[PDB]
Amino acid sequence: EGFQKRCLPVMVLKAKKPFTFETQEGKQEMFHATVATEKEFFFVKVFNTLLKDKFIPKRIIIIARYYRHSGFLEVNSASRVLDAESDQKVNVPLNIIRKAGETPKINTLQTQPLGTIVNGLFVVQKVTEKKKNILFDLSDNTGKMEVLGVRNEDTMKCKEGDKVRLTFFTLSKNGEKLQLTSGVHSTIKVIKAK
């Protein structure tokens, strides 16, 4: 928990493309990644985009001076990322690689604590547009949930019957009427069916 100084050799399961978000300091860019050790996996927020070349699938790297909060790891300019050489292996079981790239079932998100990072592809039942926001009703075979997404050109093209890929969304509510909320680092891609 908290800041982790020691080096943590990990394999990179997924490395996404750098995107830009907004803060009080103005435009900033980052990229989402998913890395895993032998025991488990973690979702990674990399605020330094110059490390994109260092994060590649099938590759083993060593991360030090990073942060661990709840459902993910924070890698920033103050951190250090190195490349493995020989002795470093980090064999990840088929189960972890699988569960890291899988969409969690809605019914399972009700037993999850608040602050859980939610990534996956979900079906869209109803789309309720708000002033500064867009309310999405998402569902699967195991149940239903409501997700608050950002309002933009792509998201406004989303309609009932489509799907949405959520990345680094947070769980703001659980149990009955579970809800997800879009954060600052969150990204949502709309997938048009048929």
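Heads up: residue numbers just count along the shown sequence, starting at 1.
If you average the CA temperature factors over each stretch, which comes out higher, 58 to 66 or 152 to 160? In the deposited entry, the stretch with the higher C-alpha B-factor mean is 152 to 160.
Of 95 to 103 and 116 to 124, which one has the bigger average CA B-factor? Looking at the record's C-alpha B-factors, the answer is 95 to 103.
Could you say which of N133, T34, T167, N141 has its CA atom at the highest B factor, as listed in the PDB entry? Within the set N133, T34, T167, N141, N133 shows the top C-alpha B-factor.
Quick one: which of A84, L73, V81, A78 shows the highest Cα temperature factor in the PDB entry? That would be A84.
Ranked against its chain, the third holding the CA B-factor of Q24: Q24: CA B-factor falls in the highest third of its chain.
Please place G183 in the lowest, middle or highest third of its chain by C-alpha B factor as given in the entry. CA B-factor rank for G183: middle third.
Ranking every modelled residue in this chain by its Cα temperature factor as given in the entry, which third contains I191? For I191, whose C-alpha B-factor we compare with every modelled residue in the chain, the answer is the middle third.
Where does the C-alpha B-factor of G175 rank in its chain, lowest, middle or highest third? Its C-alpha B-factor, which the entry lists for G175, ranks in the highest third among residues of this chain.
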